[PDB]
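Engineer:
Number of protein chains: 2
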Amino acid sequence: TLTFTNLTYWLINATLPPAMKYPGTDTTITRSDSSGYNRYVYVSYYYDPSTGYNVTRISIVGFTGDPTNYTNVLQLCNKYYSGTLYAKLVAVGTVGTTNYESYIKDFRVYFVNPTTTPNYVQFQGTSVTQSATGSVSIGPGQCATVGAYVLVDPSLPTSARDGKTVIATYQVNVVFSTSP
Amino acid sequence: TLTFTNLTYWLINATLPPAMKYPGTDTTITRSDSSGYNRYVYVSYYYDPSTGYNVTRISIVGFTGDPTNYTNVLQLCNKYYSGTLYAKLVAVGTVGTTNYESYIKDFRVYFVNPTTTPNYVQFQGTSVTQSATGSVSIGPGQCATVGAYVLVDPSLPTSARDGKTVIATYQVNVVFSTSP
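One line per chain: the protein sequences are F and C, in this order. Per the deposited numbering, residue 25 is the first one in the first sequence, and the count goes up by one each step. Per the deposited numbering, residue 25 is the first one in the second sequence, and the count goes up by one each step.
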């Protein structure tokens, strides 16, 4: 009774993500020992075909028995949007299982250039202990930087201390928006 | 044997359907990059003569490799009927064909302010995975808010990063009732 439909006409042509991911200066170390890899940070964005996402593979080589932090890791840096971007950080958890995840005692992610409310999501091994952060403004010209903080327990077997083997794989979901 | 008529008379009267459509607030984004459309959400309605329906046109911009969520798309509420309204959403299917519907993995339409039984209808490209939503109460004066959720597979061709061409449209019907 008195039911008239909608018949929406719903226009889509997705534009390039205006943030885009830049490797940063961490890949410019260009120097390494005889550990196989010539670079410590392998920042690369790859088209994921499994579920269709611009997933970015970046390598954060954390040194055993020593908490290591990084300053210039990732650039959330609007080049195609002419406004100011507002973003917050939420982490998901674990992907797969290397059976070495229990060896991590801390994994928190804090920026260097953008400074705001807590600005760190922190893992505790397999579990999670930090929910999310606040909003941060990223406009045209001013360019946001992402950091990290990695600590690894030194009880890891020497076989995995070579740097070839991947010890953990986590998901981080940064939600960039035009409003706070 | 014993056949007799009654000669009934039928009379029809015309008045405004109390449902009405409102453009929402996300259509006031009033901001756009070099994508042609000066807006991102469009709300319009035209009286189609082929079917005689007050077809309402809503346009939602998508982003490849990026889940899309909304807050205020349309407002549905009575302006002349004082009774307790009841609204549901029923999926219909694809209208037209852009040959790009395989790239639209998910598409969810949902209530925002009132929360009820599942309250989302999802589509898998051409196929429909959710039949319909449940009933929900709408009183005189307050208007329920309907949201939108879009997932776009970034396998979309680079020729489709402009904002003009149509890759996808979807239809959902709204059903009012005087009973729960």
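Yeah, the Cβ is synthetic: ideal placement off N, Cα and C, and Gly gets one too.
1) So that I know if they touch, is there some Cβ in chain C lying closer than 8 angstroms to that of F:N37?
2) Counting only Cβ-Cβ distances shorter than 9 angstroms, please list the residues of the stretch 82-115 of chain F near chain C, keeping chain order.
3) If contacts are defined as beta-carbon pairs under 8 angstroms, then F:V145 and F:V133 qualify, I think. What distance do you get, rounded to the angstrom?
4) List the residues of chain C whose Cβ lies closer than 8 angstroms to the Cβ of F:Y77, in chain order.
5) Are the stretch 169-183 of chain F and the stretch 83-95 of chain F touching by the rule of at least three beta carbon pairs closer than 8 angstroms?
6) Compare the C-beta of F:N30 with all C-beta atoms of chain C and state if any pair is closer than 8 angstroms.
7) Helix or strand or just coil, what does DSSP make of F:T95?
8) Taking CB distances under 8 angstroms as the criterion, tell me whether C:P204 reaches chain B.
9) Can you list the beta strand (DSSP E) stretches of 3 or more residues lying completely in the stretch 143-173 of chain C, in chain order?
10) Just to confirm, are F:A111 and F:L100 a CB contact at a threshold of 8 angstroms?
11) Please work out which residues of its chain come closer than 7 angstroms, Cβ to Cβ, to C:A43, disregarding the five sequence neighbours upstream and downstream, and give them in chain order.
12) For F:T80, go through chain C and note every residue whose CB falls closer than 9 angstroms to its CB, in chain order.
13) May I ask which residues mark the beginning and end of the beta strand (DSSP E) holding F:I128?
14) So, helix, strand or coil for F:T193, using DSSP?
15) Quick one: which chain F residues come within Cβ less than 8 angstroms of C:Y66?
16) If we define contact as Cβ-Cβ less than 8 angstroms, is C:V152 a contact residue for chain F?
17) Secondary structure at F:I36, three-state DSSP: helix, strand or coil?
18) What does a CB cutoff of less than 6 angstroms around F:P142 pick up in its chain, not counting 5 residues either side in sequence?
19) Taking 8 angstroms as the threshold (beta carbon to beta carbon), is F:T49 in contact with chain C?
Structural biologist: With the structure as the only source:
1) Here the question's residue 37 of chain F lines up with position 13 in the first sequence. So, interface residue.
2) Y104, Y105, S106 and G107
3) On the first sequence, residue 145 of chain F is found 121 positions in, with the first residue counted as 1. On the first sequence, residue 133 of chain F is found 109 positions in, with the first residue counted as 1. The Cβ separation is near 5 angstroms, so the contact holds.
4) Stepping through the first sequence from its first residue, residue 77 of chain F is reached at position 53. Chain C residues near F:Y77: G89, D90 and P178.
5) yes
6) Taking the first sequence and counting its residues from 1, one reaches residue 30 of chain F at position 6. It does; some Cβ of chain C falls within 8 angstroms.
7) By one-based count along the first sequence, residue 95 of chain F stands at place 71. Correct three-state label for F:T95: strand.
8) Of the protein chains in this structure, namely F and C, none is chain B.
9) 145-148
10) Within the first sequence, numbered from 1, the residue matching residue 111 of chain F stands at position 87. Within the first sequence, numbered from 1, the residue matching residue 100 of chain F stands at position 76. Yes.
11) On the second sequence, residue 43 of chain C is found 19 positions in, with the first residue counted as 1. For C:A43, where only same-chain residues beyond five positions count, the Cβ hits under 7 angstroms are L100 and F200.
12) Your numbering for residue 80 of chain F matches position 56 in the first sequence. Going along chain C, no residue has its Cβ under 9 angstroms from F:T80, so there is no contact; the nearest lies around 11 angstroms.
13) In the first sequence, residue 128 of chain F corresponds to position 104, counting from 1. Taken as a continuous stretch (DSSP letters only), the beta strand (DSSP E) holding F:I128 covers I128 to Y134.
14) As a working note, residue 193 of chain F is residue 169 in the first sequence. In the structure shown, F:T193 sits in coil (DSSP, three-state: anything other than H, G, I, E or B).
15) One-based indexing of the second sequence puts residue 66 of chain C at position 42. Going along chain F in sequence order, the residues near C:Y66 (Cβ under 8 angstroms) are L35.
16) Counting from 1 along the second sequence, the entry for residue 152 of chain C is found at position 128. It does not: the Cβ of C:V152 has no partner Cβ on chain F nearer than 8 angstroms.
17) Within the first sequence, numbered from 1, the residue matching residue 36 of chain F stands at position 12. Reduced to three states, the DSSP call for F:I36 is coil.
18) Taking the first residue of the first sequence as 1, we reach residue 142 of chain F at position 118. Within the same chain, F:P142 has close Cβ partners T157.
19) The residue given as residue 49 of chain F occupies position 25 in the first sequence. Not one chain C Cβ lies under 8 angstroms of F:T49.
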